[PDB]
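Chemist: any chance you can model this:
(6 chains)
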Amino acid sequence: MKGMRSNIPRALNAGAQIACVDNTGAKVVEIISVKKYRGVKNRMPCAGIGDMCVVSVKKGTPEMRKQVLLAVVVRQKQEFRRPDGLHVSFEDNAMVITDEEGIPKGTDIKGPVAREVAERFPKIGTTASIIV
Amino acid sequence: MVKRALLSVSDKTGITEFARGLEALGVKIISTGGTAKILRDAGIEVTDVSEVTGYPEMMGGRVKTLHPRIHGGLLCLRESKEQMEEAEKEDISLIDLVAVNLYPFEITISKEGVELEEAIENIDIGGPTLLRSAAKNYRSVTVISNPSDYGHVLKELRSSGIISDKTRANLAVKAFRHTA
Amino acid sequence: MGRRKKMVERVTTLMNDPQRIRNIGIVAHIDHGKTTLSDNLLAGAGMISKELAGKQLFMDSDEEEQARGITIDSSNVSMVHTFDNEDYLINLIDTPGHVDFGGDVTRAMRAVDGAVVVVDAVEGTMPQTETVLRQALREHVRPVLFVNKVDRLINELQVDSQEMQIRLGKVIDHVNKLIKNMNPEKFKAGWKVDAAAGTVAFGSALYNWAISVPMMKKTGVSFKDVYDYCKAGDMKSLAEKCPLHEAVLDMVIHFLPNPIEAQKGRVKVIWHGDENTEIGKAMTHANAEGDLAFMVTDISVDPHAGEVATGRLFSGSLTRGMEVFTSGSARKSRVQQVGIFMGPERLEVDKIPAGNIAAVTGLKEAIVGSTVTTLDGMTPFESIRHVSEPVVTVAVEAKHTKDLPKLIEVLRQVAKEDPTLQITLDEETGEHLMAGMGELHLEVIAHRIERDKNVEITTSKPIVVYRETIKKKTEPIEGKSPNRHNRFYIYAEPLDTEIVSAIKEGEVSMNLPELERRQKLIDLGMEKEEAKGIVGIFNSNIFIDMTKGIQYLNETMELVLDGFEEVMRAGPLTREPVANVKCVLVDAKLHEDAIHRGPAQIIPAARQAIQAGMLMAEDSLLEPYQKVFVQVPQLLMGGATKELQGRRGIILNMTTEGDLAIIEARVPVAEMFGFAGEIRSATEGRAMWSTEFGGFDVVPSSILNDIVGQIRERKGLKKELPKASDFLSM
Amino acid sequence: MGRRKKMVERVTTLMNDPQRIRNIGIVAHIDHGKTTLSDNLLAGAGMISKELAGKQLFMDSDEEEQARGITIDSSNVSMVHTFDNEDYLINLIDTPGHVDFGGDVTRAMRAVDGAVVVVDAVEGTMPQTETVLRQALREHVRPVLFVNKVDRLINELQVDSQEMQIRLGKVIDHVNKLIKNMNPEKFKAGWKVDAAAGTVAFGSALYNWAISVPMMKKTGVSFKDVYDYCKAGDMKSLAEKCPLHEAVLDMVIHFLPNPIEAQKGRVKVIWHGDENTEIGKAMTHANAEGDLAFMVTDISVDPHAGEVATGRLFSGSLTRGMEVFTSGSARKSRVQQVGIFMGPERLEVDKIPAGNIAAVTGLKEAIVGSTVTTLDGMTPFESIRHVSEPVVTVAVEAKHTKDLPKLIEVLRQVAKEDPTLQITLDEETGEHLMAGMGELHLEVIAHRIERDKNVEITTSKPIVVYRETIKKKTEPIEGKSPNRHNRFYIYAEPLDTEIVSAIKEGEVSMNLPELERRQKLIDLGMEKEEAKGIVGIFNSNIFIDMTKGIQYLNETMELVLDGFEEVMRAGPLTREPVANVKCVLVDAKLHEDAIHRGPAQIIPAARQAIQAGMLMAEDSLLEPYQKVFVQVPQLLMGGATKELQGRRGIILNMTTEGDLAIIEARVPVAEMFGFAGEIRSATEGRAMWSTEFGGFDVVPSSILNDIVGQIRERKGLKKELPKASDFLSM
Amino acid sequence: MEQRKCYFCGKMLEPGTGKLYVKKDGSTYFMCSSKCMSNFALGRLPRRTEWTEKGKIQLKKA
RNA sequence: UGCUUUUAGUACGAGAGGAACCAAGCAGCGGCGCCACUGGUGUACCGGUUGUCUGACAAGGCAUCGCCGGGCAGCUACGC
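Modeler: Residues are numbered from 1 along each chain as shown, chains lettered A, B, ... in the order given. The protein structure is shown below:
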């Protein structure tokens, strides 16, 4: 994918139940695997901001639930550094449902998104109300 | 299996637990009025009928509801296409469990004359319908009229997963009987 | 780059150009094509492509204003005029020139820094004219006279050049007298006017010719000559070289004070807050600062556009995406349309630092007269509420049974026109309870009915309705069941005034964190336990569940609640709505099974008890008051006041400023009838009253018996009522 | 008087100026430069303020073509080029000629005066080109040659000037050689092009440069000079010096016909109704005052202005407002707004006379195949119809278990995506039986799935949807209710093919006035009695109540017609919908009360009876056919014809147009499987085939039992033939 | 070079150091140090904390 | 060792579809080192506070460093 300007620690590993913060009907999704991630022996799949993960909808509408979907993490509590040396951290972790190409299934994103994801996937930025 | 539940119970006796159970088994609770209140005051999230029909609210506690064209979804098979599709339409929901009891009618006698006007006034019009509709579903929708059968239901679900035909039958019949 | 196509460009940056910015208003009389010359200032004077400019009187944001010779409401636009080779932004924010327009006129003046004068020839300083000069004086909005269409004096009446403008020299003198007598200090502070010095113009708006000593000289066509040319008949060709717009604009730039100067002026008097915070400073001493210091002048809208609530950027900056509060709550909405009223509309944009206008949208819950700002607005300008309803209406009838159908549309529709007219339109006999609380309200609609549709109906006398309430803490009354199986021991008592005000405001909401609400209640005063047991509230009455132990109760709550609600709709004393009454369920005793717990048994018990409770609790009655802002001529006070006081009106402020004694007294609507009627004799025919719902207070105990008596019969109720025991029939 | 507004008036003048109209078009092979040329033409003559176009692909006024780089379907735009000091309205027919189109091609070509063949300067004349050119010419649409993409040769393939023109010459040759093989009579009427005759241009749409022999001379710019600029980065200069729009519009007007002339030969070729008929002469020789001719070819459903049908005003002036008709669907709708097309948008104008595509709103009788008329029953250019229903279904499954959700939604969109299928979206088994109109259509859609959404899925063996059919006239069969209190003596018999057709046509309805309907049927064939006694029409089935004087039948009706429709939806044999079946009720013994006439008793009897009858009347199946059209080379006919013959290919025409053996036949849909492959395979890849629903036909009795058994099995039924015996139980 | 102020202590963020903390409602706060971040997360207020500039302002208000 | 951009919607192909050399960035894993930044620890240290003892205050002992909050150096990775 296109490189991000910031250095992102892959903070969320497989099994994490993240709140889903768009209007698709998924409330909580559990990370199953990370796309484009090859691991090593004994290492759980890891994801930071800007990564696309395969998720399972654990809470939300009954139509969304139990579906294997693609999501992009837009907020992470683990601090990441911008190129100019400033460290950024969010109050929670948050993801949004998308396709393979990166288009969000939802139409509006409640909460701030990271500028890194906003630039890597421009449609997430337009869908989000504010980009931090 | 139960995915959504319409809990418009006049008599609220023990609805809190049934609700808790369903929620814990994912079952979204689409309820309105008294029930809805108690449930949201007892730590159970409940969606309102407003987010189903296109009918707001008025004199919550008896009628205010119904479901035309649309009741034919739950009807006698909330999965039978021709049947199914009707109840879920535009933002509507495919509730597969409805529990609607009806407060027993009573006229009594007041100090100044039989209170006919109000007494008769409170003849639940919505409730009974929801019942008959759901009830007809000898399959799909599992009607829970009588309040003294939340246990049986819960247990079955928690275990088995699907309220057996036998049970569905008993329940439905009982509902029809209640309206009778 | 088609005219406004260029403007757009310049404008977007012009925002942060206070030096050249010119947010001003126009105040005078009506029937002088004042709003039409202002149509032509920019729309007329093609500030956009001519086809898309003033062709169809579109200039004003509030399009409907059109032209009647004066502003209709408070519509807005902008015009980038050039003066001495410089494009000044004359944001035209023509101020409503009337008198009835009130608490809103305040902010409709705050939107500008100078209201301007326009008086057609020998029309003179009409009563209204002086009234708007008085209103102007408040918001420190310097004026410049614009004697419109002198044609009358000229062509029609033919008063020789010199005379012609000497009459106006005196009129100018009267405008000086206004700015002297009224507020003497005001004068020297720029508010002074003069044709000679240039701070006064003249000219026919309908013929678009116009001049003023500055103009006069510059153009080379002195007023004398202009008279000769008008008289002759070439006022159109005159207009050509003396563009109606030009004059006005010229003066706004030069003479008419540039905003910056009296950027402060207004605030202090107009603003009721701390005029010394970042916001205060900016709004006063022409600066930006003040964390988005927008002011909802008038909640507006536009089809597929935004909630274009007007508010000239008197301080701050604009941008798209600002979580802005309100002067009512903390809504916090995306502010996409931070644009500037331009061309014949409101050019939506974003980058707008303080200077020009600042109509923000993205909202849908504020109030016309708020002050929506990102900054935590401590005391914004018109920090106010709105919770009110008319309580003394009438019974609109039908002189002819043939107009009934029409009447039907007329009245059902009127809601659209005015939602403050809660048209309690009964259906059987059809005694249409057309809203109202006072004589004003009554006639207010009177004409409307017989003018916007025209019907042969009539009215009856004031429906003296109020709000039932009590005043004494009672002792637990038991409300048994029909089938003598259940029971409920409820007590009733006065609803504390602080609490009352609280829920009158509305903040105490059912959809609200328990813990939170609870604290608030304790804060007010209600002890912890009681404050936590609160189940529901109707109107301005609260039901408290301060019981412990009764099994299967909250499954009955529904019923009991409703019972309460019912009583709250119909008093136990006068069968009138109940308000400001706290009810508290102490104990209860419900039957084991559900069979003997149906509405038919519960509801009665509750009703019964609550009612009786009220009765025993020295049930009285409240009565609406209506604050009478009465701008009697300064001198006049003895008679003015005497009137009010005599009509049991608890005197308030006398408001003596210059030559204006605004004696408010929150006159009890009871005796708030025929105010103007009395006035015309009391103050020798000289007083301008105006009223506003003063609030629900206690009806004088002395006259209770009388009041009740009347109400009872007026509705058609037995003289005596079920005294305690009887209604509590065991 | 803006430049645009002056052009707007010009527009109207030209509208009522038929001699100065040029309804042209663009015809080329995929990725040759259609969209490119189009949009850059629009901008080339600068009809709109340049910026407006480009980014927002104008010619591509829809949404599909808007991401391709080559034109796809219809719509239109406008140009007004100045030629020898004279402007001309140039309508620009969008081109729906992409190989993925059948009737649409025709439709547009029957609205295009002439076109522009655009041949890639490298790839040369291509299959697509051939197809489009020959088609258009067949429908008499003179073209000109604009060899685009010269830039590539000049630079990329570093060819030299001399070679450049050698290659282009060879192209010119190829072009005409084909034209020749297409229509020697038209090649004798000199439509063939040549740049020396100005009918061929040379340029690059992507760079907006273009030259042609005439202009070449006029300006002095020669092929060698061109080559020099191109090699020396002077394509900017090129463009400016010799614009693209320039050369193109010259061909488009100087050598391309106008409405009038075009209309003449067009009507002569396409239309078949006697030209002496008024409508005829009217649209032949330019006349809009006659019978309305407005073949809707597009339905620009303006989201904020309703359905805006775009058709060429072959005849019929468009004075504001007109109640009219159409071809085929000649009902009674009106004509409100009639906007013309300026730029790519809709400029609302009043009266449009001849040869001027207009968009009309408020048109219920207005779609493809419908030529909106004001003369009822309008004659046909090329006969059309309107019926088309799924006949070939596949069971779209979801192999990838992690795709079901996605699949569900993807096909939930497929509905409007392509309104020709009827997926039976289910959850029981997960197999979405997508019912398409054609094996190829199916294949195409299915492919599109795992391509534009990419759901890892497939589709299983396509199956044909048959109809159940009776054979003879039956003998009254008693249908008894369970309780025996009702008896329904009823019989059935084949439905008259004439009546079948007209019912499928829709005219005959059950919502039709007795008189009206009856008449139609009466002449069509339905014996008066029956026509008067009909009470229902379902697809191709009717229940003729031919009884008289039966008590309680009037009411009873409903339940019986219920049973009727049930049985008709699935016949007792192959459980397929019944078709071509007319029932005659002969006796109705009924119980007096309704207790013994409740639906649960009526419905059974009727059902039972009808089914039993059907089976006794040698129930067969109807197999749909699918009219084949094979645009293949002349030579190629041996294997082709033998193939269809082996596949029951009823040849109804063979159009051996010179070097092209366009065989037109009819082959049974079921037997169309594989044909796709074999046709081209055998004919060395030279077989452009296309089909279309050839009408249900009484399945060849040959192996009826076989086909039946197959169906039985597939749909999991019993192996004992559903013997009428049982249905007509005791 | 963006000049940033610590939300808690009111000190300028030195370039190449410090943190930005974002809440769910989009509210952003600059923190000069882990100390300031911890005190903000404890619910302590700067105006009540004496070593910060807001605490100093509150005290000098008297 | 992959992804993305470019080559290039180009060669090829009737279309659909769709490459390669060179170039750039990023990423996964591995290796080596480092501690300006950020995180952890930090039984140096500072403060708050519970129970108790030294008579009270102050100053101290003990209760896992009593517990709780903060934390420099050092080490470290989750950082570079």
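
Chemist: can you tell me the SS state at the residue in chain B sticking out farthest from the centre?
Modeler: Computed with CA atoms, centre = their mean, the residue of chain B farthest from its C-alpha average is residue B:112, at 36.4 Å. Under DSSP: H, G, I helix; E, B strand; the rest coil, the three-state class of residue B:112 is coil.

Chemist: how far away is it from residue B:120?
Modeler: Separation of residue B:112 from residue B:120 (CB to CB, to the nearest Å): 16 Å. In short, each C-beta sits where N, CA and C put it, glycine included.

Chemist: and if you look at residue C:517?
Modeler: 38 Å.

Chemist: so what's residue 16 closest to, chain neighbours aside?
Modeler: With no chain named, the answer covers chain A. Nearest non-adjacent residue to residue A:16, counting by CB to CB, 6 or more residues apart in numbering or on different chains: residue A:31, 4.9 Å away.

Chemist: try again with chain B
Modeler: In space, residue B:16 is closest to residue B:42, 4.9 Å off (CB to CB, 6+ apart).

Chemist: still on that earlier bit, quick one: residues contacting the residue farthest from the centre of chain B.
Modeler: Contacts here follow CB atoms under 8 Å, 6 or more residues apart in numbering or on different chains; on that basis residue B:112 touches nothing.

Chemist: residue C:476 too?
Modeler: C:489, C:490, C:491, C:586, C:587.

Chemist: hmm, residue C:474 and the third one touching each other?
Modeler: Put plainly, it is residue C:491. Yes: contact criterion CB atoms under 8 Å: residue C:491 and residue C:474 qualify, at 5.7 Å.

Chemist: so the residue nearest the centre of chain A bridges to which residues?
Modeler: When chain A is reduced to its mean C-alpha position, the nearest residue by CA atoms, centre = their mean turns out to be residue A:73, at 0.8 Å. Assessed by DSSP bridges, residue A:73 has beta-bridge partners residue A:95.

Chemist: and chain E, which residues reach RNA strand F?
Modeler: E:16, E:17, E:18, E:19, E:33, E:34, E:35, E:37, E:38, E:39, E:42 (CB under 7 Å from any atom of the strand).

Chemist: recalculate using a threshold of 6 Å.
Modeler: E:16, E:17, E:18, E:19, E:33, E:34, E:35, E:37, E:38, E:42 (CB under 6 Å from any atom of the strand).

Chemist: residues in contact with the fourth one?
Modeler: If you count contacts by CB under 8 Å, 6+ apart, residue E:19 has them with A:79, A:86, A:87, A:88, A:89, E:30, E:31, E:37.

Chemist: again, but for the third one
Modeler: For residue E:18, the contacting residues are A:86, A:87, E:4, E:6, E:30, E:31, E:32, E:33, by CB under 8 Å, 6+ apart.

Chemist: can you list those in CSV and add neighbour count?
Modeler: As requested, these are arranged in CSV below (neighbours: other CB atoms under 10 Å in any protein chain shown):
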residue, neighbour count
A:86, 18
A:87, 15
E:4, 18
E:6, 23
E:30, 20
E:31, 24
E:32, 21
E:33, 16
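
Chemist: looks to me like residue C:449 is in a helix.
Modeler: Yes: per three-state DSSP, residue C:449 lies within a helix segment.

Chemist: could you report the neighbour count for it?
Modeler: 19 (other CB atoms under 10 Å in any protein chain shown).

Chemist: ranges for the strands of the chain?
Modeler: You didn't pick a chain, so chain A it is. A:12-13, A:17-19, A:26-34, A:46-47, A:52-60, A:68-75, A:80-81, A:87-90, A:94-98 (DSSP state E).

Chemist: think we crossed wires, I meant chain E
Modeler: E:4-5, E:12-13, E:19-22, E:28-31.

Chemist: likewise chain B?
Modeler: Using DSSP E, strands in chain B cover B:4-6, B:28-29, B:97-98.

Chemist: show me how far the second one is from its chain's centre.
Modeler: Per CA atoms, centre = their mean, to the nearest Å, the displacement of strand B:28-29 from the mean C-alpha position of its chain is 12 Å.
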